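Heads up, the chain below is alone and in the form deposited without this ligand; it's given as structure tokens.
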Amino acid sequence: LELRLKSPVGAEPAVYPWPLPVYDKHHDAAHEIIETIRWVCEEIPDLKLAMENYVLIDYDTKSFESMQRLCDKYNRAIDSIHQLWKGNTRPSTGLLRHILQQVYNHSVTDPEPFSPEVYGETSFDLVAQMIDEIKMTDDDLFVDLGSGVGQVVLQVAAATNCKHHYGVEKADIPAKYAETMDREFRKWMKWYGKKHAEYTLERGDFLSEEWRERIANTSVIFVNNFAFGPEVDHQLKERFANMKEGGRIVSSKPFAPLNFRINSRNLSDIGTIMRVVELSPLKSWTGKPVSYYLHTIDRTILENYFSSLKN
């Protein structure tokens, strides 16, 4: 009828119905259960000692009795550790990738580059590099513009100490799935006993009047602008022009040339008020040769040009 996994921190058990749900072609619920057990064993060294070696080696994902025996063995090992303990940190990057996968599989049940379906395999590591590079503190406010199902926001919230993390998505289908992703993330994080910063996944148009002041007051913007049209790009540069000095924008395509040279003919260009650098994990990376672009609000670019003319 069903499979149960006791939480290492005494939260409510994870309940899986049998037959287990079928995920996408290269993910399955049975291996999710097994990997969940292996991750909890890493978190708790005593759990490995309490558990008999054969349990995680010899199993049959296609047998209810076999899958039930595995869950029973883990649950009894958890109970022994809970007895031993009688007598809340940020998740590790490896655990976080697994949590995000689990959160996705439990949220998206119904049927092109960097698809949410393959986030863990093609996006996670690049996002993890960007988090390591773009140093964020408790004074920062993070916003992912066009956040989709909310994976980037969840990864950043589980990794940094920003005051708040926001995801804004306009499309009906991703924004609705993000509601489930949000609930599933909070639930699974509690189950493992892991800490995450505050975040909000919301439906809205980042080009709206409400969002103008919100963009102006954001210190760190992430924006996958790869598929943006020239009008969306033009309107976004106008929003960025209201940001504070030192405000940062991390994007998949640059908003200004990397080599911008201020002159009399290009004074209205966004390049007059922002520094732009191309960052790459390749500069021990072994994934895709993909770059990200860091823009920093700096009005001294414009100031020095005027001072140069007057002096």
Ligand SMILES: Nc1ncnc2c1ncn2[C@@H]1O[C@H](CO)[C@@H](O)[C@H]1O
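The first residue of the sequence shown is number 1, and the count goes up from there.
Keep in mind that the form solved in complex with this ligand is not shown, yet the notes after this line are about it.
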In the deposited complex, does each residue in the set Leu145, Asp205 and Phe228 place a non-hydrogen atom within 4.5 angstroms of this ligand? yes
Only one of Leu84, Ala241, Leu141, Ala171 comes within 4.5 Å of this ligand in the deposited complex by heavy atoms, so just point that one out. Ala171
Just to be sure I understand the contacts: of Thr180, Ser219, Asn105, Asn224, which is the one whose heavy atoms reach within 4.5 angstroms of this ligand in the deposited complex? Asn224
Can you check 190 to 198, 88 to 96, 162 to 170, 70 to 78 and let me know which stretch has heavy atoms within 4.5 Å of this ligand in the deposited complex? 162 to 170
Across 58 to 73, the residues having a non-hydrogen atom within 4.5 Å of this ligand in the deposited complex turn out to be none
